[PDB]
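This is query37.cif. It holds mmCIF, C-alpha atoms and all ligand atoms.
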data_run
#
loop_
_atom_site.group_PDB
_atom_site.id
_atom_site.type_symbol
_atom_site.label_atom_id
_atom_site.label_comp_id
_atom_site.auth_asym_id
_atom_site.auth_seq_id
_atom_site.Cartn_x
_atom_site.Cartn_y
_atom_site.Cartn_z
ATOM 1 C CA UNK T 1 -63.806 44.148 212.413
ATOM 2 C CA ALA T 2 -65.458 43.337 209.118
ATOM 3 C CA UNK T 3 -68.281 44.377 209.272
ATOM 4 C CA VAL T 4 -70.823 44.307 212.123
ATOM 5 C CA UNK T 5 -68.832 47.768 214.391
ATOM 6 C CA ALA T 6 -68.704 48.800 210.751
ATOM 7 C CA UNK T 7 -66.160 47.876 209.426
ATOM 8 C CA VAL T 8 -62.549 48.023 210.658
ATOM 9 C CA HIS B 1 -71.201 59.610 210.848
ATOM 10 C CA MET B 2 -70.851 56.229 209.129
ATOM 11 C CA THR B 3 -70.264 58.008 205.801
ATOM 12 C CA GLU B 4 -66.907 59.315 207.070
ATOM 13 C CA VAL B 5 -65.581 55.963 208.346
ATOM 14 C CA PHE B 6 -66.191 54.124 205.067
ATOM 15 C CA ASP B 7 -65.102 57.102 202.953
ATOM 16 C CA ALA B 8 -61.819 57.128 204.914
ATOM 17 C CA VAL B 9 -61.429 53.376 204.352
ATOM 18 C CA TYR B 10 -61.938 53.844 200.595
ATOM 19 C CA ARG B 11 -59.488 56.788 200.572
ATOM 20 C CA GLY B 12 -56.984 54.323 202.119
ATOM 21 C CA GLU B 13 -56.606 56.091 205.479
ATOM 22 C CA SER B 14 -57.709 53.171 207.690
ATOM 23 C CA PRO B 15 -55.564 50.280 209.064
ATOM 24 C CA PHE B 16 -56.469 48.255 205.950
ATOM 25 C CA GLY B 17 -54.314 50.505 203.744
ATOM 26 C CA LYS B 18 -55.117 50.149 200.047
ATOM 27 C CA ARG B 19 -57.214 46.972 200.409
ATOM 28 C CA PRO B 20 -60.290 46.817 202.616
ATOM 29 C CA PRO B 21 -60.931 43.090 203.172
ATOM 30 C CA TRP B 22 -64.246 43.099 201.240
ATOM 31 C CA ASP B 23 -62.837 44.933 198.194
ATOM 32 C CA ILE B 24 -61.706 41.719 196.469
ATOM 33 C CA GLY B 25 -61.257 43.020 192.872
ATOM 34 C CA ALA B 26 -63.825 40.549 191.552
ATOM 35 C CA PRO B 27 -67.545 39.780 191.986
ATOM 36 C CA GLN B 28 -68.551 37.562 194.915
ATOM 37 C CA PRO B 29 -68.698 33.885 193.877
ATOM 38 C CA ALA B 30 -72.189 33.558 195.411
ATOM 39 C CA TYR B 31 -73.535 36.308 193.127
ATOM 40 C CA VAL B 32 -71.832 34.874 190.056
ATOM 41 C CA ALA B 33 -73.549 31.576 190.929
ATOM 42 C CA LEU B 34 -76.894 33.252 191.654
ATOM 43 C CA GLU B 35 -76.752 34.823 188.187
ATOM 44 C CA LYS B 36 -75.946 31.522 186.458
ATOM 45 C CA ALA B 37 -78.799 29.914 188.447
ATOM 46 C CA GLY B 38 -81.198 32.330 186.688
ATOM 47 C CA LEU B 39 -82.334 34.101 189.851
ATOM 48 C CA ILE B 40 -81.501 37.689 188.746
ATOM 49 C CA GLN B 41 -84.131 39.520 186.669
ATOM 50 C CA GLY B 42 -85.202 42.986 185.549
ATOM 51 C CA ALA B 43 -83.741 46.201 186.947
ATOM 52 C CA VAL B 44 -81.085 45.266 189.493
ATOM 53 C CA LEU B 45 -80.039 47.205 192.598
ATOM 54 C CA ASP B 46 -76.700 46.467 194.242
ATOM 55 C CA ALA B 47 -77.237 48.057 197.640
ATOM 56 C CA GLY B 48 -74.036 49.183 199.322
ATOM 57 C CA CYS B 49 -72.238 48.402 196.077
ATOM 58 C CA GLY B 50 -68.875 49.779 197.170
ATOM 59 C CA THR B 51 -66.413 49.945 194.300
ATOM 60 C CA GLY B 52 -68.857 48.180 191.939
ATOM 61 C CA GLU B 53 -67.425 44.724 191.155
ATOM 62 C CA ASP B 54 -70.723 42.812 191.602
ATOM 63 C CA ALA B 55 -72.666 45.425 189.616
ATOM 64 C CA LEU B 56 -70.002 45.527 186.870
ATOM 65 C CA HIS B 57 -70.039 41.729 186.516
ATOM 66 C CA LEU B 58 -73.794 41.871 185.939
ATOM 67 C CA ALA B 59 -73.499 44.858 183.574
ATOM 68 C CA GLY B 60 -71.130 42.765 181.418
ATOM 69 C CA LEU B 61 -73.825 40.070 181.077
ATOM 70 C CA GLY B 62 -76.450 42.515 179.806
ATOM 71 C CA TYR B 63 -78.304 43.340 183.025
ATOM 72 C CA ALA B 64 -79.549 46.869 183.772
ATOM 73 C CA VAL B 65 -77.877 47.481 187.132
ATOM 74 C CA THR B 66 -77.717 50.331 189.637
ATOM 75 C CA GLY B 67 -75.146 50.384 192.426
ATOM 76 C CA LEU B 68 -75.906 52.608 195.413
ATOM 77 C CA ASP B 69 -73.576 53.458 198.297
ATOM 78 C CA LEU B 70 -73.270 55.984 201.135
ATOM 79 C CA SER B 71 -69.581 56.622 200.305
ATOM 80 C CA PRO B 72 -68.953 59.134 197.487
ATOM 81 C CA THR B 73 -65.350 57.854 197.292
ATOM 82 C CA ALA B 74 -66.530 54.280 196.538
ATOM 83 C CA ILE B 75 -68.966 55.551 193.901
ATOM 84 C CA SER B 76 -66.204 57.671 192.336
ATOM 85 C CA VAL B 77 -64.095 54.494 192.102
ATOM 86 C CA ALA B 78 -66.941 52.399 190.676
ATOM 87 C CA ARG B 79 -67.649 55.084 188.064
ATOM 88 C CA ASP B 80 -63.954 55.075 187.049
ATOM 89 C CA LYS B 81 -64.078 51.259 186.696
ATOM 90 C CA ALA B 82 -67.230 51.507 184.570
ATOM 91 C CA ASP B 83 -65.473 54.049 182.314
ATOM 92 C CA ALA B 84 -62.319 51.925 181.933
ATOM 93 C CA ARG B 85 -64.283 48.717 181.262
ATOM 94 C CA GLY B 86 -66.826 50.451 178.991
ATOM 95 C CA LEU B 87 -69.899 49.253 180.899
ATOM 96 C CA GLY B 88 -73.066 51.257 181.574
ATOM 97 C CA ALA B 89 -73.919 50.529 185.198
ATOM 98 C CA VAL B 90 -75.561 53.359 187.137
ATOM 99 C CA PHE B 91 -73.571 54.317 190.238
ATOM 100 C CA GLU B 92 -74.929 56.947 192.654
ATOM 101 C CA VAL B 93 -74.597 58.015 196.286
ATOM 102 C CA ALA B 94 -77.555 57.029 198.474
ATOM 103 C CA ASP B 95 -78.412 56.117 202.058
ATOM 104 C CA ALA B 96 -79.843 52.579 202.005
ATOM 105 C CA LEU B 97 -81.872 53.416 205.132
ATOM 106 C CA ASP B 98 -83.620 56.149 203.112
ATOM 107 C CA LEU B 99 -83.619 55.588 199.308
ATOM 108 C CA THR B 100 -85.919 58.570 198.626
ATOM 109 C CA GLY B 101 -86.340 59.113 194.871
ATOM 110 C CA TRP B 102 -85.882 55.423 193.999
ATOM 111 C CA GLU B 103 -89.508 54.401 194.659
ATOM 112 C CA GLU B 104 -90.592 51.112 193.038
ATOM 113 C CA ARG B 105 -87.593 51.120 190.689
ATOM 114 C CA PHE B 106 -86.064 47.655 191.182
ATOM 115 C CA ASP B 107 -87.008 44.042 190.346
ATOM 116 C CA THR B 108 -84.028 42.419 192.059
ATOM 117 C CA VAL B 109 -81.754 43.465 194.909
ATOM 118 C CA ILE B 110 -78.321 42.073 195.682
ATOM 119 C CA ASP B 111 -76.503 42.794 198.921
ATOM 120 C CA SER B 112 -72.951 41.726 199.699
ATOM 121 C CA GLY B 113 -72.105 42.891 203.198
ATOM 122 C CA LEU B 114 -74.361 45.917 203.709
ATOM 123 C CA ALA B 115 -77.142 44.201 205.704
ATOM 124 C CA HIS B 116 -74.636 42.647 208.112
ATOM 125 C CA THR B 117 -73.599 46.189 209.184
ATOM 126 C CA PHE B 118 -77.189 46.822 210.346
ATOM 127 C CA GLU B 119 -78.532 45.604 213.690
ATOM 128 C CA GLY B 120 -81.947 45.643 215.381
ATOM 129 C CA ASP B 121 -84.171 48.502 214.200
ATOM 130 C CA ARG B 122 -81.598 49.671 211.624
ATOM 131 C CA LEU B 123 -81.873 46.337 209.787
ATOM 132 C CA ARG B 124 -85.670 46.842 209.712
ATOM 133 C CA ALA B 125 -85.278 50.411 208.382
ATOM 134 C CA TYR B 126 -83.123 48.916 205.612
ATOM 135 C CA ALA B 127 -85.748 46.230 204.919
ATOM 136 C CA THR B 128 -88.409 48.953 204.687
ATOM 137 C CA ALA B 129 -86.279 51.221 202.479
ATOM 138 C CA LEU B 130 -85.679 48.267 200.157
ATOM 139 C CA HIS B 131 -89.426 47.575 200.174
ATOM 140 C CA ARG B 132 -90.138 51.165 199.092
ATOM 141 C CA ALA B 133 -87.471 51.061 196.359
ATOM 142 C CA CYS B 134 -88.606 47.684 194.976
ATOM 143 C CA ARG B 135 -91.363 46.885 192.504
ATOM 144 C CA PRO B 136 -94.096 44.644 193.875
ATOM 145 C CA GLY B 137 -92.986 40.978 193.807
ATOM 146 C CA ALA B 138 -89.285 41.935 193.561
ATOM 147 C CA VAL B 139 -86.663 39.618 195.062
ATOM 148 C CA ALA B 140 -83.903 40.691 197.442
ATOM 149 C CA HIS B 141 -80.783 38.611 197.918
ATOM 150 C CA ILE B 142 -78.684 39.220 201.018
ATOM 151 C CA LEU B 143 -75.197 37.782 201.570
ATOM 152 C CA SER B 144 -74.402 38.146 205.276
ATOM 153 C CA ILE B 145 -71.420 36.877 207.252
ATOM 154 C CA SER B 146 -72.338 34.341 209.942
ATOM 155 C CA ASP B 147 -70.822 34.183 213.434
ATOM 156 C CA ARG B 148 -68.803 31.207 212.134
ATOM 157 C CA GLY B 149 -67.542 33.282 209.191
ATOM 158 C CA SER B 150 -66.876 36.419 211.216
ATOM 159 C CA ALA B 151 -64.937 34.400 213.802
ATOM 160 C CA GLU B 152 -62.648 33.155 210.999
ATOM 161 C CA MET B 153 -62.309 36.544 209.282
ATOM 162 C CA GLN B 154 -61.661 38.243 212.642
ATOM 163 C CA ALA B 155 -58.890 35.822 213.637
ATOM 164 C CA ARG B 156 -57.208 36.174 210.236
ATOM 165 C CA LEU B 157 -57.488 39.992 210.196
ATOM 166 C CA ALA B 158 -56.362 40.224 213.831
ATOM 167 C CA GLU B 159 -53.197 38.246 213.061
ATOM 168 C CA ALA B 160 -52.531 40.588 210.114
ATOM 169 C CA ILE B 161 -53.463 44.014 211.564
ATOM 170 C CA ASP B 162 -52.249 45.516 214.850
ATOM 171 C CA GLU B 163 -55.324 47.708 215.431
ATOM 172 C CA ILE B 164 -57.755 44.777 214.974
ATOM 173 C CA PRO B 165 -58.428 42.601 218.054
ATOM 174 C CA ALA B 166 -58.559 38.792 218.110
ATOM 175 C CA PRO B 167 -62.060 37.269 218.412
ATOM 176 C CA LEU B 168 -63.509 36.167 221.773
ATOM 177 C CA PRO B 169 -64.103 32.533 222.829
ATOM 178 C CA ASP B 170 -67.446 30.798 223.569
ATOM 179 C CA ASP B 171 -70.680 30.809 221.524
ATOM 180 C CA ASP B 172 -72.806 33.375 223.390
ATOM 181 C CA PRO B 173 -76.482 39.474 221.899
ATOM 182 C CA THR B 174 -76.608 42.425 219.459
ATOM 183 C CA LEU B 175 -73.218 41.472 217.950
ATOM 184 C CA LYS B 176 -74.650 38.071 216.915
ATOM 185 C CA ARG B 177 -75.241 37.219 213.237
ATOM 186 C CA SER B 178 -77.354 34.051 213.128
ATOM 187 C CA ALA B 179 -79.996 33.080 210.565
ATOM 188 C CA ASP B 180 -82.609 34.458 213.008
ATOM 189 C CA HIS B 181 -81.461 38.106 213.035
ATOM 190 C CA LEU B 182 -81.698 38.166 209.229
ATOM 191 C CA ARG B 183 -85.152 36.530 209.358
ATOM 192 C CA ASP B 184 -86.277 39.124 211.930
ATOM 193 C CA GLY B 185 -84.956 41.992 209.780
ATOM 194 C CA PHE B 186 -87.101 41.198 206.736
ATOM 195 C CA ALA B 187 -90.491 40.753 208.418
ATOM 196 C CA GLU B 188 -93.020 43.433 207.429
ATOM 197 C CA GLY B 189 -93.602 43.545 203.659
ATOM 198 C CA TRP B 190 -91.446 40.467 202.931
ATOM 199 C CA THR B 191 -91.588 36.676 202.809
ATOM 200 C CA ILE B 192 -88.584 34.428 203.422
ATOM 201 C CA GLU B 193 -88.162 32.198 200.370
ATOM 202 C CA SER B 194 -84.922 30.656 201.664
ATOM 203 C CA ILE B 195 -81.880 31.139 203.872
ATOM 204 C CA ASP B 196 -78.937 29.056 202.662
ATOM 205 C CA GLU B 197 -75.416 28.304 203.801
ATOM 206 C CA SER B 198 -73.026 30.150 201.497
ATOM 207 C CA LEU B 199 -69.582 31.759 201.354
ATOM 208 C CA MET B 200 -68.199 35.301 201.375
ATOM 209 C CA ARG B 201 -64.841 36.013 199.755
ATOM 210 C CA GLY B 202 -62.493 38.430 201.483
ATOM 211 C CA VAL B 203 -58.864 39.479 201.087
ATOM 212 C CA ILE B 204 -56.077 39.807 203.688
ATOM 213 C CA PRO B 205 -54.334 43.209 203.302
ATOM 214 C CA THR B 206 -50.888 41.825 204.265
ATOM 215 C CA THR B 207 -50.418 38.990 201.753
ATOM 216 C CA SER B 208 -53.416 39.798 199.550
ATOM 217 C CA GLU B 209 -54.435 36.226 200.317
ATOM 218 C CA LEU B 210 -58.012 35.492 199.286
ATOM 219 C CA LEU B 211 -60.147 33.484 201.691
ATOM 220 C CA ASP B 212 -63.717 32.282 201.676
ATOM 221 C CA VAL B 213 -65.570 32.210 204.984
ATOM 222 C CA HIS B 214 -69.025 30.973 205.982
ATOM 223 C CA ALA B 215 -71.992 33.255 205.243
ATOM 224 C CA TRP B 216 -75.797 33.159 204.985
ATOM 225 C CA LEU B 217 -77.499 33.798 201.654
ATOM 226 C CA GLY B 218 -81.047 35.033 202.212
ATOM 227 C CA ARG B 219 -83.704 35.314 199.515
ATOM 228 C CA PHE B 220 -86.763 37.447 200.333
ATOM 229 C CA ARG B 221 -89.938 38.089 198.321
ATOM 230 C CA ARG B 222 -91.233 41.657 198.368
ATOM 231 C CA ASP B 223 -95.039 41.687 198.715
ATOM 232 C CA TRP B 224 -97.459 43.248 196.207
ATOM 233 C CA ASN B 225 -98.497 46.258 198.327
ATOM 234 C CA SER B 226 -98.458 48.996 195.684
ATOM 235 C CA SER B 227 -100.933 51.622 194.453
ATOM 236 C CA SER B 228 -100.340 50.351 190.897
ATOM 237 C CA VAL B 229 -101.363 46.861 192.060
ATOM 238 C CA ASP B 230 -104.345 48.211 194.024
ATOM 239 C CA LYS B 231 -105.455 49.976 190.822
ATOM 240 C CA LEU B 232 -105.171 46.800 188.698
ATOM 241 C CA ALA B 233 -107.258 44.952 191.302
ATOM 242 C CA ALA B 234 -109.861 47.741 191.263
ATOM 243 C CA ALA B 235 -110.084 47.623 187.454
ATOM 244 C CA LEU B 236 -110.878 43.886 187.543
ATOM 245 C CA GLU B 237 -113.211 44.177 190.546
ATOM 246 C CA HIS B 238 -115.228 47.092 189.118
HETATM 247 N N1 LIG C 1 -76.624 53.443 205.140
HETATM 248 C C1 LIG C 1 -75.930 53.042 204.051
HETATM 249 N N2 LIG C 1 -76.407 53.206 202.794
HETATM 250 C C2 LIG C 1 -75.713 52.803 201.703
HETATM 251 N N3 LIG C 1 -74.505 52.218 201.770
HETATM 252 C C3 LIG C 1 -73.919 52.000 202.975
HETATM 253 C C4 LIG C 1 -74.607 52.404 204.205
HETATM 254 N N4 LIG C 1 -73.809 52.067 205.230
HETATM 255 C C5 LIG C 1 -72.696 51.491 204.712
HETATM 256 N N5 LIG C 1 -72.769 51.467 203.370
HETATM 257 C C6 LIG C 1 -71.779 50.898 202.439
HETATM 258 O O1 LIG C 1 -71.847 49.484 202.543
HETATM 259 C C7 LIG C 1 -70.628 48.931 202.050
HETATM 260 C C8 LIG C 1 -70.258 47.730 202.914
HETATM 261 S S1 LIG C 1 -68.816 46.910 202.314
HETATM 262 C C9 LIG C 1 -69.487 45.995 200.958
HETATM 263 C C10 LIG C 1 -69.221 46.694 199.623
HETATM 264 C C11 LIG C 1 -69.617 45.848 198.408
HETATM 265 N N6 LIG C 1 -70.990 45.272 198.551
HETATM 266 C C12 LIG C 1 -68.659 44.714 198.254
HETATM 267 O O2 LIG C 1 -69.083 43.563 198.390
HETATM 268 O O3 LIG C 1 -67.458 44.905 198.014
HETATM 269 C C13 LIG C 1 -69.606 50.068 202.060
HETATM 270 O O4 LIG C 1 -69.206 50.397 200.723
HETATM 271 C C14 LIG C 1 -70.321 51.232 202.727
HETATM 272 O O5 LIG C 1 -69.940 52.518 202.213
HETATM 273 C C1 LIG C 2 -63.604 45.093 214.665
HETATM 274 O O1 LIG C 2 -62.759 44.273 214.990
HETATM 275 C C2 LIG C 2 -64.014 46.170 215.627
HETATM 276 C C3 LIG C 2 -63.730 46.062 216.998
HETATM 277 N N1 LIG C 2 -64.097 47.033 217.854
HETATM 278 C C4 LIG C 2 -64.742 48.134 217.403
HETATM 279 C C5 LIG C 2 -65.131 49.158 218.260
HETATM 280 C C6 LIG C 2 -65.790 50.279 217.749
HETATM 281 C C7 LIG C 2 -66.071 50.390 216.383
HETATM 282 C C8 LIG C 2 -65.699 49.387 215.485
HETATM 283 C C9 LIG C 2 -65.036 48.257 215.954
HETATM 284 N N2 LIG C 2 -64.650 47.261 215.130
HETATM 285 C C1 LIG C 3 -68.062 46.527 216.367
HETATM 286 O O1 LIG C 3 -68.594 47.276 217.175
HETATM 287 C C2 LIG C 3 -67.325 45.300 216.811
HETATM 288 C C3 LIG C 3 -66.849 45.198 218.118
HETATM 289 N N1 LIG C 3 -66.181 44.109 218.533
HETATM 290 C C4 LIG C 3 -65.960 43.086 217.676
HETATM 291 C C5 LIG C 3 -65.280 41.934 218.050
HETATM 292 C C6 LIG C 3 -65.080 40.906 217.125
HETATM 293 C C7 LIG C 3 -65.557 41.004 215.815
HETATM 294 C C8 LIG C 3 -66.248 42.141 215.393
HETATM 295 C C9 LIG C 3 -66.464 43.188 216.279
HETATM 296 N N2 LIG C 3 -67.132 44.301 215.909
HETATM 297 NA NA NA C 4 -51.593 45.941 198.816
HETATM 298 NA NA NA C 5 -54.150 42.295 216.106
#
Please express the file's structure as structure tokens.
Amino acid sequence: XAXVXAXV
Amino acid sequence: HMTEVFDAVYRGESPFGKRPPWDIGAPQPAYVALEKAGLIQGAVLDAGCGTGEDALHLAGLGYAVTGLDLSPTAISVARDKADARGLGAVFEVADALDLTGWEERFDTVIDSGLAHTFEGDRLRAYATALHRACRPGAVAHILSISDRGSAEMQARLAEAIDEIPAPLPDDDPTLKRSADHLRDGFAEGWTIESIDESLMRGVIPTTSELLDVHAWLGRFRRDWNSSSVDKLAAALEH
């Protein structure tokens, strides 16, 4: 997701 | 490795299509407000500047700004925007974990959504790189999505995009984004001036709906550990 993995 | 993912996203090859959810076509409200509050001074770095909207907003108000980003595609886009708007912001490719060549260049840093991609020791490498690239006494501002904000963004993106999963339930390690992880990141060479509740604007690719979600706005004071400072101190001492 947005954006921790980075970022999808 | 991470260069390719973001470059692909900016080329439009990811599930987001033409609009990554952070590429909102405007500066972040928090940074507009921070500017009006008078808390931006000197040479400005926008670290992980993406397509340049925050940096361009500041350029239009007379600030000397540099936007840096790992993605050459983003920087290409930001440069095109600068050309079209007729603004003189510096945009260049750089790894924010490195920043070699930018030593003691900046008086203020702004960060919208770069720091929150870093976790554990990588967040500390970023803190250190920023320390090296900043003038002594510089201030770094970091806008980071909270768990509360990410939970809302995730649910909204998951409903809109097939590839994106819905967020999990319950409160409860490395995926966490509390005030504490940000505090822990900027330890050596920095002092926490404040961590505030703030907002981060994003866009939904499907409807192009704009939403604001919860975020933390950190403000950190870079120490005065510099050879230039050491030399001033020596001049007065001797
Ligand atoms: N190690 C690194 N050094 C510099 N930039 C990086 C990086 N890792 C990721 N990035 C960049 O960080 C950005 C995160 S998205 C945020 C972009 C911009 N601040 C905005 O608010 O719109 C992406 O553009 C990505 O290319
Ligand atoms: C975002 O929703 C998300 C979920 N799972 C991932 C796995 C691996 C890389 C990035 C990811 N992003
Ligand atoms: C990235 O690795 C990743 C993995 N899972 C997620 C779930 C929910 C939100 C963000 C995520 N990011
Ligand atoms: Na669109
Ligand atoms: Na989904």
Residues matched by the PyMOL selection byres (((chain B and resi 224-227) around 6) and not hetatm) as a VMD selection string: chain B and resid 136 to 137 223 228 to 230
Selection: 10 Å around region 27-34 of chain B, all atoms listed in the file, excl. self and same-chain fewer than 6 positions, as a PyMOL selection string: chain B and resi 40+52-58+110-112+141-143+198-202+212+215+217
I'd like to see the residues matched by the PyMOL selection byres (((chain B and resi 206) around 12) and not hetatm) on this file, and ideally I'd get them as an mmCIF file with C-alpha atoms, in the frame of the given file.
data_model
loop_
_atom_site.group_PDB
_atom_site.id
_atom_site.type_symbol
_atom_site.label_atom_id
_atom_site.label_comp_id
_atom_site.auth_asym_id
_atom_site.auth_seq_id
_atom_site.Cartn_x
_atom_site.Cartn_y
_atom_site.Cartn_z
ATOM 1 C CA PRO B 15 -55.564 50.280 209.064
ATOM 2 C CA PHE B 16 -56.469 48.255 205.950
ATOM 3 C CA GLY B 17 -54.314 50.505 203.744
ATOM 4 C CA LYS B 18 -55.117 50.149 200.047
ATOM 5 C CA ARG B 19 -57.214 46.972 200.409
ATOM 6 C CA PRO B 20 -60.290 46.817 202.616
ATOM 7 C CA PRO B 21 -60.931 43.090 203.172
ATOM 8 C CA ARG B 156 -57.208 36.174 210.236
ATOM 9 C CA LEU B 157 -57.488 39.992 210.196
ATOM 10 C CA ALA B 158 -56.362 40.224 213.831
ATOM 11 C CA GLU B 159 -53.197 38.246 213.061
ATOM 12 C CA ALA B 160 -52.531 40.588 210.114
ATOM 13 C CA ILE B 161 -53.463 44.014 211.564
ATOM 14 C CA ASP B 162 -52.249 45.516 214.850
ATOM 15 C CA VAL B 203 -58.864 39.479 201.087
ATOM 16 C CA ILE B 204 -56.077 39.807 203.688
ATOM 17 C CA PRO B 205 -54.334 43.209 203.302
ATOM 18 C CA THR B 207 -50.418 38.990 201.753
ATOM 19 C CA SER B 208 -53.416 39.798 199.550
ATOM 20 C CA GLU B 209 -54.435 36.226 200.317
ATOM 21 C CA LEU B 210 -58.012 35.492 199.286
#
Evaluate the PyMOL selection byres (((chain T and resi 7) around 12) and not hetatm) and report residues as number ranges by chain: T: 1-6, 8; B: 2-10, 14-16, 20-22, 113-114, 116-118, 150, 153-154, 157, 164
How would the residues just picked look written out with C-alpha atoms as a compact mmCIF listing (two decimals), keeping the file's coordinate frame?
# COMPACT_ATOMS: atom_id res chain seq x y z
CA UNK T 1 -63.81 44.15 212.41
CA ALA T 2 -65.46 43.34 209.12
CA UNK T 3 -68.28 44.38 209.27
CA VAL T 4 -70.82 44.31 212.12
CA UNK T 5 -68.83 47.77 214.39
CA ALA T 6 -68.70 48.80 210.75
CA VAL T 8 -62.55 48.02 210.66
CA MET B 2 -70.85 56.23 209.13
CA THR B 3 -70.26 58.01 205.80
CA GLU B 4 -66.91 59.32 207.07
CA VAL B 5 -65.58 55.96 208.35
CA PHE B 6 -66.19 54.12 205.07
CA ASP B 7 -65.10 57.10 202.95
CA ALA B 8 -61.82 57.13 204.91
CA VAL B 9 -61.43 53.38 204.35
CA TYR B 10 -61.94 53.84 200.60
CA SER B 14 -57.71 53.17 207.69
CA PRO B 15 -55.56 50.28 209.06
CA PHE B 16 -56.47 48.26 205.95
CA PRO B 20 -60.29 46.82 202.62
CA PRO B 21 -60.93 43.09 203.17
CA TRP B 22 -64.25 43.10 201.24
CA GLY B 113 -72.10 42.89 203.20
CA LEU B 114 -74.36 45.92 203.71
CA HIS B 116 -74.64 42.65 208.11
CA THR B 117 -73.60 46.19 209.18
CA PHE B 118 -77.19 46.82 210.35
CA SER B 150 -66.88 36.42 211.22
CA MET B 153 -62.31 36.54 209.28
CA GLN B 154 -61.66 38.24 212.64
CA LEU B 157 -57.49 39.99 210.20
CA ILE B 164 -57.76 44.78 214.97
Who sits within 7 Å of residue 140 (chain B), all atoms listed in the file, same chain under 2 positions skipped, as number ranges by chain: B: 108-110, 138, 142, 219-221
